[PDB]
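Asks: The structure follows.
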Amino acid sequence: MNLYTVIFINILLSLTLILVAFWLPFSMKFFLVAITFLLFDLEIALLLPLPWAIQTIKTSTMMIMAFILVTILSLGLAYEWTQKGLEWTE
Amino acid sequence: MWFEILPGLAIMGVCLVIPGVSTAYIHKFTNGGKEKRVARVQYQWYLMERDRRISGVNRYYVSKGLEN
Amino acid sequence: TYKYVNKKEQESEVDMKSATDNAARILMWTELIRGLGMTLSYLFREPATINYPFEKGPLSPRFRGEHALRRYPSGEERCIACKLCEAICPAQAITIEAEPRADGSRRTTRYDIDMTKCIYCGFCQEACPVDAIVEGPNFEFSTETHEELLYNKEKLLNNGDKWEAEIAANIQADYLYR
Amino acid sequence: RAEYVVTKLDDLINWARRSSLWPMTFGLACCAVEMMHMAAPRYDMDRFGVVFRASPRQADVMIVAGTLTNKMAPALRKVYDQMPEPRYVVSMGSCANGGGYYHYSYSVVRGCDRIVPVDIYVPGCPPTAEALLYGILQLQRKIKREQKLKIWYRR
Amino acid sequence: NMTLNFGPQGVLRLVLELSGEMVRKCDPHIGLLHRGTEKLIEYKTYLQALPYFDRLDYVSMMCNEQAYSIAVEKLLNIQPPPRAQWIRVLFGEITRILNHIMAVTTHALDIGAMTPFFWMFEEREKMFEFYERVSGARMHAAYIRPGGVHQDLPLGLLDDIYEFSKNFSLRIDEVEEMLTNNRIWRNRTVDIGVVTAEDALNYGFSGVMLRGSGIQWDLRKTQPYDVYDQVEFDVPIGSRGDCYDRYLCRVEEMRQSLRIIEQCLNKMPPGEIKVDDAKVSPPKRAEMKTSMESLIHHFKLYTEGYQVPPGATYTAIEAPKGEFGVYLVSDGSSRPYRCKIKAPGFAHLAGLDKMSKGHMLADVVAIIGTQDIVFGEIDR
Amino acid sequence: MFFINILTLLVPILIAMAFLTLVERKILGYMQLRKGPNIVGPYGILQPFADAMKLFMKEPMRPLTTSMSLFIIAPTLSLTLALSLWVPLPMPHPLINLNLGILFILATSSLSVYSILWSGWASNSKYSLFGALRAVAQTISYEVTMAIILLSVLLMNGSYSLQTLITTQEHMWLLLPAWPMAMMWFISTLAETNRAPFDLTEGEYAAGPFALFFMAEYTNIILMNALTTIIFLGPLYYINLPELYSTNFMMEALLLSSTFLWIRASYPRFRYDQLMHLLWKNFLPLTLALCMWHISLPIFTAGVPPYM
Amino acid sequence: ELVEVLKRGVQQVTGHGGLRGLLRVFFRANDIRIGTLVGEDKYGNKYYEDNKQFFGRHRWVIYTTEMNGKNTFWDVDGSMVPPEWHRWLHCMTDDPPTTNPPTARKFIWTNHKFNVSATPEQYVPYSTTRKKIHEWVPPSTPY
Ligand SMILES: CCCCCCCCCCCCCCCCCC(=O)OC[C@H](COP(=O)(O)OCCN)OC(=O)CCCCCCCCCCCCCCCCC
Ligand SMILES: CCCCCCCCCCCCCCCCCC(=O)OC[C@H](COP(=O)(O)OCCN)OC(=O)CCCCCCCCCCCCCCCCC
Ligand code: SF4
Ligand code: SF4
Ligand code: SF4
């Protein structure tokens, strides 16, 4: 109930301020950026549960899989780099 | 000189100190002179509900002890 | 004689020492902390600011500000209507019209200056052979209408009577340079 | 009486509008180096509340500094129109007051007061930053001497 | 092609045709500050016209008076005296310092570094104080005139100039620490607006835009006009033709200016200040008020000024922005028949389009700053 | 009592932003060899109220080709997020004690792109849309490291909670370790907040909306510096002295917020292309490398932290 | 050397007419410096000096609260400074009136007037030359 109260309060305050305000008187580069950001945000999604995965017993396995993730992500980055995907010189 | 920005720095510092100590004092006031018990898992919630049920006044922070 | 900027006397050394120095410069952000230090030093100095209406900026006895039509100790005017000021004024800002006065003298009936045409060059007081028109020291005479800056004989004579206690002293100071 | 509180309200509104003056510096020519020198330490434009230079879309005052030509008048008028009321104008220099040293030219507007309405005229070619500051404080007082709510009340 | 109009809303109007973030076409627009100086001058004596040059390229104003003075003296076939020449050199160098402060700091301002502006405009105030102490006006001192100089220096000016020259070096160093080796400055400037020497020549460039590409052309070491032949100073040349090289050149120029000022002060000679030819330069006021001939000459000079034998000249001055020239045509009259002003910013803007090839929208604002574009000398 | 706590939290942070404006102006002035505001009130403490009155008293020239919906809900959203971020912060005890609190911070920070983009799509032009696209791309790109840094530093404390970092730094700051992760975190806070040298979006709104945007900006500034203080500069926590913790937290947050302005006055701007190269070629490689390093550290060391 | 600074500060504070004068000064002229009183002018203004401050702040003025019928407690102008003190305050001199007095001449204004850009006693221009062309007036009786 408390979170609801706080957010409602903030919204009310914002709308009140903005009411008083009135009542007183194509390039593919950006698309490629968005796509790269998708492919890294999903990696964040696959990477966030490490604070719970590092509590397990299969440490030799979590080590492995996390290294796989990071390594192949770096390789994809390097390839997008070599292929001039981070240049901006139209 | 450089010692004329303090009239504002100190204002902001006081405004940034108020939240913390205010919240602490209000917690100590609403929860019987004790911190607000946290519940990261169900075990602590069970302990809390149990204290509340044994209180007899429906409040988890009314510790009873041996006398009861 | 010439010099070189952005040219080295000879190639450098790729030694591990210099390479590591440059890598430290890059990673540790070394050349920027010095700018931060310059800004901190300036924070810890005295600013050159002044309370304006209470503390005024320094000027010289040659400052060219507002205009004035002067007089003699007797009180008689000085302008003899010779029109050299009107003839030298680059912006054609001085309009003059004269006549013989009932006492038989060369004196003006009309002397108008347009401050929206004056470029404040002093040629008029350089030309006046009698020291009658002077670009005085005052600079604080802004207005709210474009019609208060069209001066005339009366306004200029009032300014002279007003500021003579200062114009005379500044002229006493500087007249040996001109 | 309501008159007392209305006077106080107008005084407060004017205090704010005169202590938060933001200029659009329409700087065209050699009457702009002086505005820069006025922002500089010795005069510290920013010390009275007058920001150095803001956007023409959230500004309050507009400083016309230098010769305005017939190729530049429409842009100045468009800026004046885009600006939000209540807006004030300050003409800095002979060029903008009456054309000055080019008043008899074919490509000069003989006064910014023909393209936009002016509130404070500063004379000089160029006027010292001290004089420009004097003029801006004169504008401050012109604002402090307004009676908007009073005239709306006794209407 | 994502076209846009940029600059106005301070008289510049660029029309930019982009391709994505790159810049393909830069069309500058001119005449937003065209007043008609060259035509008005035709209706004014050879002295009623001097202020116009103070008003052109309004950051120096005295390297502008100086060109007109030299041209009219070349026509009259006179020469001013040593003290006038030395004062004129000294103050020309001071105007150089002012202009270069202006350039570097407005460059860093339009780029984003703004504290040098305030650190250095105080020095600019202190030098406007000299301007005023000698002429009575902070900026537009109609002080240098054909025949020499209007007035002599007051008795407490050289000492002040010495106190100022003492510390301007430490100020330049204060700025250099922040700017020259900063990786962000170097990234904004290096390899920007490159231009080769032959193309510069064929485009009509002058000054730092020449000697930042390895060329050796300074109109004070070559084609000298004042006693500059009696004073020593170095000319900094570049190696790559980029904004960084030009920045360093302007800085070292601000330094050579102090090197020249030390010498000018130490070697200031005594004597008169304006040619003692009262048919050109007015007489003193005591002589005017006691002698007949002097008064007649004053009258004629301030009503129907001095007459100039017909001819034509092109006198070039090494102004802070480059070769400032005056094609001055004369009839045997008190007034000129034509005065054409050659300004470097003209050709520099003309070449902006080629200098902005293979560059973004945020590099053009620096390419401009590297030319010191003032529109008074351009639009005239 | 809870509403009173909410007031005690909200009012002071707004006051602190309003006065951080003045502190910025004064500091920049004294670094530029001038004073700054001195007049309106003693040392200027009335100038922010004056400016607020002025703005809110202006007349809004709402673009005609626009959409009122996206015109009003953009600054509303900005301020709502900028205020709801301050909620979970342990100072030392939090108003709302959340687990996954730093994740709530990440999300409620990443949600501002919507406003910074709707404003542009609303303003009917192409230059404003260009600027909005570029700013969105910048913010987006730097969110990546803003997330990975925390993902790697939250393995010295095995929990996404902010009330665990206190005991994690009960003996030593998390700066000595991960000072290379901070230097990359301290900057993504500038680029995320479009703060110089990353102000390529403010270097087109009425009085009220501009004011709300300003408030959001400076609130986010204070909050990012507060997060830095709590994470990498863990202050003192003696169970009986929340007063001490709050004092130290305030001091460090003010240090950081003054450092931001130090920087604004000290350095030039960047060029969008170079700004993006910075991340995608210097920060992401090092970030992933140090992420692997910090995944291995708690293993080849027996110092793997707990889950309480 | 910090306690000496604090002592200089406390004396700068108490160096006025107690709290009332301190507030008056600090709120009209945002400055609480102490200086030597070189003189005072007919209109109630005071002029202070201190040669150890830097050039531009080594001289200053406290204006009058009333000038020719006007509440100048808040409104204040550099136009209030009469000429003799204007010349010493803008540092054209090293000598003030008290020691170097002006030349006593009639037709010089005894009472100084400040800027009147909008007051009812302001300046309105006009032509000072008489009529040039005189017309013909016929008599007031016919034929
Ligand atoms: C156990 C042994 C092994 C363990 C593994 C770890 C070993 C240590 C690894 C070293 C880590 C190095 C530090 C990590 C960050 C480095 C990032 C970096 O170097 O950025 C490079 C970039 C410039 O790159 P570039 O353009 O190529 O250089 C010019 C070429 N001549 O530079 C930039 O562009 C940066 C731009 C900065 C602009 C803003 C600067 C503001 C600085 C303010 C001060 C901040 C101080 C930190 C604050 C902390 C916050 C609490
Ligand atoms: C017109 C203008 C429009 C602009 C509006 C912008 C509003 C955006 C405001 C920011 C959004 C905040 C997002 C809130 C997510 C909450 C996430 C969270 O952590 O809450 C979980 C909470 C605690 O759970 P946990 O931490 O896991 O463990 C607790 C055990 N002790 O357990 C809970 O689940 C608590 C109950 C959930 C409360 C969430 C309510 C969030 C605020 C609602 C906003 C409503 C706005 C209007 C409707 C939106 C449009 C439809
Ligand atoms: S100072 Fe003004 S009025 Fe006098 S000659 Fe020059 S332009 Fe004309
Ligand atoms: S030059 Fe002097 S005397 Fe001659 S008309 Fe002009 S003001 Fe009068
Ligand atoms: S009035 Fe004089 S200084 Fe001002 S812009 Fe015009 S010519 Fe330049």
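Each chain of the structure tokens is named A, B, ... in the order shown, its residues numbered from 1; ligands are numbered from 1 in display order.
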Give as number ranges by chain every residue of chain E that touches chain G within 12 Å, counting only C-alpha atoms.

Replies: E: 126, 129, 132-133

Asks: Apply DSSP to the backbone of this structure and, from range 58-279 of chain F, keep only the residues in alpha helix (DSSP H); write these as number ranges by chain.

Replies: F: 68-84, 101-110, 113-122, 127-153, 165-168, 179-192, 207-232, 242-266, 272-278

Asks: Quick one: everything within 10 Å of residue 3 in chain A, counting only C-alpha atoms, minus sequence neighbours fewer than 5 positions away in the same chain. Send it as a list in words.

Replies: residues 8 and 9 of chain A; 84, 87, 88, 95 and 96 of chain F

Asks: Keeping only C-alpha atoms, write the selected residues to a file as a PDB file, in the first residue's frame.

Replies:
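Output (out-v7.pdb):
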```pdb
ATOM      1  CA  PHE A   8       0.311   8.364  -6.369  1.00  0.00           C
ATOM      2  CA  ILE A   9       1.622  11.307  -4.337  1.00  0.00           C
TER       3      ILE A   9
ATOM      4  CA  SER F  84      10.294   7.683  -6.840  1.00  0.00           C
ATOM      5  CA  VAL F  87      12.386   6.023  -2.051  1.00  0.00           C
ATOM      6  CA  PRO F  88      14.436   2.829  -1.451  1.00  0.00           C
ATOM      7  CA  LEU F  95      11.417   4.629   3.564  1.00  0.00           C
ATOM      8  CA  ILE F  96      10.605   1.504   1.516  1.00  0.00           C
TER       9      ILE F  96
END
```

Asks: Show me which residues line ligand 1, defined as having an atom within 7 Å of a ligand atom where only C-alpha atoms and all ligand atoms count, and present them as a compact mmCIF listing (two decimals) with N, CA, C and O atoms, in the first residue's frame.

Replies:
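Result saved to pocket29.txt:
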```txt
# COMPACT_ATOMS: atom_id res chain seq x y z
N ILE C 26 46.72 7.76 -20.32
CA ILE C 26 45.43 7.46 -20.93
C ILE C 26 44.45 6.94 -19.88
O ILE C 26 43.37 7.50 -19.68
N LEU C 27 44.82 5.85 -19.21
CA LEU C 27 43.90 5.19 -18.28
C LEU C 27 43.58 6.07 -17.09
O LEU C 27 42.40 6.31 -16.78
N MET C 28 44.60 6.56 -16.39
CA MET C 28 44.42 7.27 -15.13
C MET C 28 43.90 8.69 -15.30
O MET C 28 43.67 9.37 -14.29
N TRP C 29 43.73 9.17 -16.53
CA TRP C 29 43.16 10.49 -16.78
C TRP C 29 44.00 11.57 -16.10
O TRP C 29 43.55 12.27 -15.19
N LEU C 32 43.83 15.69 -17.39
CA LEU C 32 42.58 16.36 -17.05
C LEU C 32 42.54 16.82 -15.60
O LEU C 32 41.93 17.85 -15.28
N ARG E 183 42.81 15.80 -24.06
CA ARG E 183 42.44 14.86 -25.11
C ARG E 183 41.17 15.30 -25.83
O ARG E 183 41.02 15.06 -27.03
N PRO F 180 38.36 0.82 -10.73
CA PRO F 180 38.18 0.92 -12.19
C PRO F 180 36.72 0.80 -12.60
O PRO F 180 36.36 1.28 -13.69
N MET F 181 35.88 0.18 -11.78
CA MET F 181 34.46 0.13 -12.08
C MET F 181 33.75 1.42 -11.70
O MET F 181 32.75 1.78 -12.32
N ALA F 182 34.25 2.11 -10.67
CA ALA F 182 33.68 3.40 -10.30
C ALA F 182 33.96 4.45 -11.36
O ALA F 182 33.05 5.10 -11.87
N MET F 183 35.24 4.63 -11.70
CA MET F 183 35.62 5.59 -12.74
C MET F 183 34.77 5.44 -13.99
O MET F 183 34.54 6.43 -14.70
N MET F 184 34.31 4.24 -14.29
CA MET F 184 33.38 4.03 -15.39
C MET F 184 31.93 4.25 -14.98
O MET F 184 31.09 4.51 -15.85
N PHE F 186 31.12 6.60 -12.46
CA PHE F 186 31.01 8.03 -12.21
C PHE F 186 30.74 8.80 -13.49
O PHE F 186 30.17 9.89 -13.45
N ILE F 187 31.14 8.25 -14.64
CA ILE F 187 30.98 8.94 -15.91
C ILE F 187 29.63 8.64 -16.55
O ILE F 187 28.94 9.55 -17.02
N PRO F 197 30.66 16.64 -19.67
CA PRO F 197 30.85 16.90 -21.11
C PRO F 197 29.91 16.12 -22.04
O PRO F 197 30.24 15.96 -23.21
N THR F 228 26.49 6.67 -5.70
CA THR F 228 27.94 6.53 -5.62
C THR F 228 28.40 6.47 -4.17
O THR F 228 29.18 5.59 -3.79
N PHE F 232 30.15 2.85 -3.49
CA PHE F 232 31.60 2.84 -3.55
C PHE F 232 32.26 3.56 -2.39
O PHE F 232 33.48 3.42 -2.21
N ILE F 263 33.63 19.71 -13.01
CA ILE F 263 33.89 19.18 -14.34
C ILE F 263 33.26 20.07 -15.40
O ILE F 263 33.89 20.41 -16.42
N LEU F 278 33.58 6.17 -27.25
CA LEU F 278 34.06 6.03 -25.88
C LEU F 278 33.48 4.78 -25.24
O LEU F 278 34.21 3.85 -24.88
N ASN F 282 35.87 1.49 -25.23
CA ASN F 282 36.76 1.61 -24.09
C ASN F 282 36.09 1.10 -22.82
O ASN F 282 36.75 0.51 -21.96
N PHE F 283 34.78 1.32 -22.69
CA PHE F 283 34.11 1.00 -21.44
C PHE F 283 33.51 -0.40 -21.44
O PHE F 283 33.46 -1.05 -20.39
N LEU F 286 36.49 -3.20 -21.14
CA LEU F 286 36.95 -3.23 -19.76
C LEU F 286 35.86 -3.71 -18.82
O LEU F 286 36.13 -4.42 -17.85
N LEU F 290 36.39 -6.94 -16.48
CA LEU F 290 36.29 -6.86 -15.03
C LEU F 290 35.10 -7.65 -14.51
O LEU F 290 35.12 -8.12 -13.37
```

Asks: Ligand 3: which residues are within 7 Å, counting only C-alpha atoms and all ligand atoms? Reply as a short mmCIF file (atom, residue, chain, number, x, y, z; two decimals) with N, CA and C atoms, in the first residue's frame.

Replies:
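Writing done, so here's out.cif:
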```cif
data_model
loop_
_atom_site.label_atom_id
_atom_site.label_comp_id
_atom_site.auth_asym_id
_atom_site.auth_seq_id
_atom_site.Cartn_x
_atom_site.Cartn_y
_atom_site.Cartn_z
N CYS C 85 32.24 72.12 -35.97
CA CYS C 85 31.73 70.87 -35.42
C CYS C 85 30.75 70.22 -36.39
N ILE C 88 32.71 68.77 -39.42
CA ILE C 88 33.58 67.62 -39.21
C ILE C 88 32.82 66.40 -38.69
N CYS C 89 31.68 66.59 -38.04
CA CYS C 89 30.93 65.49 -37.46
C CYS C 89 30.65 64.42 -38.52
N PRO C 90 31.29 63.25 -38.43
CA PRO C 90 31.10 62.23 -39.47
C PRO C 90 29.66 61.84 -39.71
N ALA C 91 28.86 61.72 -38.65
CA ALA C 91 27.51 61.20 -38.74
C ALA C 91 26.48 62.26 -39.08
N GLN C 92 26.91 63.49 -39.36
CA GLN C 92 25.99 64.58 -39.65
C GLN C 92 24.92 64.68 -38.57
N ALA C 93 25.37 64.79 -37.32
CA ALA C 93 24.49 64.78 -36.17
C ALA C 93 24.25 66.16 -35.57
N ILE C 94 25.03 67.16 -35.95
CA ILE C 94 24.92 68.50 -35.38
C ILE C 94 24.20 69.38 -36.39
N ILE C 113 21.92 68.20 -31.27
CA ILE C 113 22.72 67.00 -31.47
C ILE C 113 21.79 65.80 -31.36
N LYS C 117 22.81 59.39 -33.54
CA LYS C 117 23.71 59.52 -34.67
C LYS C 117 25.16 59.74 -34.25
N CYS C 118 25.40 60.33 -33.09
CA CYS C 118 26.76 60.52 -32.62
C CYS C 118 27.46 59.18 -32.44
N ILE C 119 28.67 59.07 -32.99
CA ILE C 119 29.54 57.93 -32.74
C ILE C 119 30.53 58.20 -31.63
N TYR C 120 30.44 59.36 -30.98
CA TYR C 120 31.27 59.70 -29.83
C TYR C 120 32.75 59.64 -30.20
N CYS C 121 33.14 60.53 -31.11
CA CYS C 121 34.48 60.54 -31.66
C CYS C 121 35.32 61.73 -31.21
N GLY C 122 34.70 62.76 -30.63
CA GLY C 122 35.44 63.89 -30.10
C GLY C 122 35.88 64.92 -31.12
N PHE C 123 35.70 64.67 -32.41
CA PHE C 123 36.15 65.62 -33.42
C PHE C 123 35.58 67.01 -33.19
N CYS C 124 34.37 67.09 -32.64
CA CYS C 124 33.74 68.38 -32.40
C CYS C 124 34.51 69.21 -31.37
N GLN C 125 34.94 68.59 -30.27
CA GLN C 125 35.76 69.32 -29.31
C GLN C 125 37.21 69.42 -29.73
N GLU C 135 32.85 66.62 -25.06
CA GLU C 135 32.27 65.31 -24.79
C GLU C 135 32.67 64.94 -23.36
#
```

Asks: I want to know what sits within 8 Å of residue 281 in chain E, based on only C-alpha atoms, with residues of the same chain fewer than 3 positions away left out; could you give that as a PyMOL selection string?

Replies: chain E and resi 146-147+274-278+301

Asks: Determine which residues of chain B sit within 8 Å of chain F, taking into account only C-alpha atoms, and present them as a list in words.

Replies: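 Result: residues 1, 2, 4, 5, 7, 8, 9, 11, 12, 13, 15, 16, 17, 18, 19, 20, 21, 22, 23, 24, 26, 30, 38 and 40 of chain B.
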
Asks: Show me which bits of chain C are within 6 Å of chain F, counting only C-alpha atoms, as a ChimeraX atom specification.

Replies: /C:36,39,42-43,47,49

Asks: For each of G:59, G:94, G:31, G:45, take the minimum atom-to-atom distance to chain B, counting only C-alpha atoms, then give the residue where this is smallest.

Replies: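 For chain B, the nearest of the given residues is G:31.
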
Asks: Any idea what's packed within 8 Å of residue 51 in chain D, counting only C-alpha atoms, ignoring anything in its chain fewer than 6 positions away? Could you give it as number ranges by chain?

Replies: D: 21-23, 45

Asks: Take the residues from that selection and put them in a file with N, CA, C and O atoms, as a PDB file, in the first residue's frame.

Replies:
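Okay, part10.pdb is ready:
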```pdb
ATOM      1  N   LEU D  21      15.648  38.160 -14.642  1.00  0.00           N
ATOM      2  CA  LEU D  21      15.681  38.605 -16.030  1.00  0.00           C
ATOM      3  C   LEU D  21      16.610  37.708 -16.836  1.00  0.00           C
ATOM      4  O   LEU D  21      17.788  37.567 -16.499  1.00  0.00           O
ATOM      5  N   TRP D  22      16.089  37.105 -17.901  1.00  0.00           N
ATOM      6  CA  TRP D  22      16.900  36.281 -18.784  1.00  0.00           C
ATOM      7  C   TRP D  22      16.978  36.938 -20.153  1.00  0.00           C
ATOM      8  O   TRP D  22      15.931  37.203 -20.766  1.00  0.00           O
ATOM      9  N   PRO D  23      18.172  37.276 -20.639  1.00  0.00           N
ATOM     10  CA  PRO D  23      18.285  37.970 -21.924  1.00  0.00           C
ATOM     11  C   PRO D  23      18.531  37.067 -23.122  1.00  0.00           C
ATOM     12  O   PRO D  23      19.310  36.112 -23.079  1.00  0.00           O
ATOM     13  N   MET D  45      27.307  40.154 -14.900  1.00  0.00           N
ATOM     14  CA  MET D  45      25.899  40.102 -15.278  1.00  0.00           C
ATOM     15  C   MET D  45      25.130  39.116 -14.405  1.00  0.00           C
ATOM     16  O   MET D  45      24.076  39.445 -13.850  1.00  0.00           O
TER      17      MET D  45
END
```

Asks: Fewer than 2 positions away in the same chain doesn't count, so skip those; otherwise give me all residues within 12 Å of range 74-79 of chain A, counting only C-alpha atoms, as a PyMOL selection string.

Replies: (chain A and resi 36-37+39-40+43+67-72+81-86) or (chain F and resi 280-281+284-289+291-292)

Asks: Would you output that residue set with N, CA and C atoms, as a compact mmCIF listing (two decimals), in the first residue's frame?

Replies:
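Here's the written file out14.txt:
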```txt
# COMPACT_ATOMS: atom_id res chain seq x y z
N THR A 36 21.94 -3.41 -31.28
CA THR A 36 23.02 -3.79 -30.39
C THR A 36 22.59 -3.67 -28.93
N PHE A 37 21.84 -2.61 -28.61
CA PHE A 37 21.38 -2.44 -27.24
C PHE A 37 20.43 -3.56 -26.84
N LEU A 39 20.55 -6.65 -28.00
CA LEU A 39 21.33 -7.87 -27.86
C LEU A 39 22.24 -7.82 -26.64
N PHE A 40 22.47 -6.64 -26.07
CA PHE A 40 23.20 -6.56 -24.81
C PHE A 40 22.27 -6.53 -23.60
N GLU A 43 21.44 -9.96 -22.82
CA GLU A 43 22.57 -10.53 -22.10
C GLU A 43 22.55 -10.13 -20.63
N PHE A 67 31.66 -17.52 -18.32
CA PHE A 67 32.76 -17.21 -19.22
C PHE A 67 32.33 -17.37 -20.67
N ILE A 68 31.56 -18.42 -20.97
CA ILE A 68 31.05 -18.61 -22.33
C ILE A 68 30.24 -17.39 -22.75
N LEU A 69 29.28 -17.00 -21.92
CA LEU A 69 28.45 -15.83 -22.22
C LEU A 69 29.32 -14.63 -22.55
N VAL A 70 30.19 -14.25 -21.62
CA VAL A 70 30.97 -13.02 -21.80
C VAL A 70 31.86 -13.12 -23.03
N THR A 71 32.48 -14.28 -23.25
CA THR A 71 33.41 -14.43 -24.35
C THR A 71 32.71 -14.30 -25.69
N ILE A 72 31.58 -14.99 -25.86
CA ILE A 72 30.92 -14.93 -27.16
C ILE A 72 30.29 -13.56 -27.37
N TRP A 81 32.44 -4.70 -34.82
CA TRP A 81 33.47 -3.67 -34.92
C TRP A 81 34.21 -3.77 -36.24
N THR A 82 34.79 -4.94 -36.52
CA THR A 82 35.53 -5.13 -37.77
C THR A 82 34.68 -4.78 -38.98
N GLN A 83 33.39 -5.11 -38.94
CA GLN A 83 32.51 -4.85 -40.08
C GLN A 83 32.04 -3.40 -40.15
N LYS A 84 32.68 -2.48 -39.42
CA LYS A 84 32.34 -1.06 -39.45
C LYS A 84 30.87 -0.84 -39.07
N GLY A 85 30.55 -1.23 -37.84
CA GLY A 85 29.22 -1.01 -37.30
C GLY A 85 29.22 -0.02 -36.16
N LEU A 86 30.38 0.57 -35.88
CA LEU A 86 30.56 1.52 -34.79
C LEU A 86 31.37 2.72 -35.26
N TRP F 280 31.48 2.21 -26.57
CA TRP F 280 31.52 0.96 -27.31
C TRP F 280 32.92 0.46 -27.61
N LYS F 281 33.97 1.20 -27.25
CA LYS F 281 35.33 0.76 -27.52
C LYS F 281 36.28 0.89 -26.35
N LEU F 284 33.06 -0.88 -22.60
CA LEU F 284 32.40 -2.17 -22.67
C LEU F 284 33.43 -3.30 -22.63
N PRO F 285 34.55 -3.20 -23.36
CA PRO F 285 35.60 -4.21 -23.18
C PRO F 285 36.08 -4.32 -21.74
N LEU F 286 36.49 -3.20 -21.14
CA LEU F 286 36.95 -3.23 -19.76
C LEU F 286 35.86 -3.71 -18.82
N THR F 287 34.61 -3.33 -19.10
CA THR F 287 33.51 -3.73 -18.23
C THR F 287 33.32 -5.24 -18.25
N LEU F 288 33.30 -5.83 -19.44
CA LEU F 288 33.15 -7.28 -19.54
C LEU F 288 34.35 -8.00 -18.93
N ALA F 289 35.56 -7.50 -19.18
CA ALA F 289 36.75 -8.11 -18.60
C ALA F 289 36.68 -8.10 -17.08
N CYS F 291 34.06 -7.83 -15.32
CA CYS F 291 32.95 -8.69 -14.92
C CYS F 291 33.41 -10.13 -14.77
N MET F 292 34.18 -10.62 -15.74
CA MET F 292 34.74 -11.96 -15.61
C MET F 292 35.68 -12.03 -14.42
```

Asks: Can you tell me which residues come within 10 Å of ligand 4 when counting only C-alpha atoms and all ligand atoms, ideally as a PyMOL selection string?

Replies: (chain C and resi 68-70+77-89+94-98+106-108+111+123-134) or (chain E and resi 299+302)

Asks: Which protein, DNA or RNA residues have an atom within 10 Å of ligand 5, counting only C-alpha atoms and all ligand atoms, as an MDAnalysis selection string?

Replies: (chainID C and resid 116:120) or (chainID D and resid 27:34 64:68 92:102 122:128) or (chainID E and resid 51:52 54:56 58 139:140 376)

Asks: Give me, as a PyMOL selection string, the set of residues whose atoms come within 9 Å of any atom of ligand 2, counting only C-alpha atoms and all ligand atoms.

Replies: (chain A and resi 1-8+10-12+14-15) or (chain B and resi 38-42+45) or (chain F and resi 69+72-85+96-101+103-104+107-108+111+161)

Asks: Calculate how many Å separate CA of residue 220 in chain F from CA of residue 196 in chain F, rounding to one decimal.

Replies: 14.2 Å

Asks: Check every residue of chain C for an atom within 7 Å of chain G, counting only C-alpha atoms, and provide those that qualify as an MDAnalysis selection string.

Replies: chainID C and resid 50 53:61 73 75 109:110 140:141 143:144 147:148 150:151 161:163 165:166

Asks: Near residue 62 in chain D, counting only C-alpha atoms, which residues have an atom at most 12 Å away, once you skip same-chain residues fewer than 6 positions from it, shown as a VMD selection string?

Replies: (chain D and resid 21 to 27 50 53 to 56 76 to 77 79 to 92 112 116 to 120 136 139) or (chain E and resid 9)

Asks: Ranking G:27, G:11, G:17, G:1 by minimum distance to chain F and counting only C-alpha atoms, which one comes first?

Replies: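 With only C-alpha atoms as the atom set, the closest residue is G:27.
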
Asks: Distance cut-off 9 Å, counting only C-alpha atoms - which residues of chain E neighbour chain D? Return them as a PyMOL selection string.

Replies: chain E and resi 8-11+31-37+39-40+52+55-59+117-122+124-125+137-140+374-376

Asks: Write down, as an MDAnalysis selection string, each residue of chain F that has any atom within 6 Å of an atom of chain A, counting only C-alpha atoms.

Replies: chainID F and resid 56:57 76 80 155 158 208

Asks: Go ahead and write the residues just picked, C-alpha atoms, as a compact mmCIF listing (two decimals), in the first residue's frame.

Replies:
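result_6.txt, written as the output of this step:
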```
# COMPACT_ATOMS: atom_id res chain seq x y z
CA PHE F 56 5.48 29.77 -13.38
CA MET F 57 4.24 33.34 -13.98
CA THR F 76 5.09 14.49 -15.28
CA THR F 80 7.61 11.11 -11.01
CA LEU F 155 29.01 -10.11 -6.12
CA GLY F 158 25.35 -11.42 -2.68
CA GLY F 208 6.25 24.96 -16.40
```
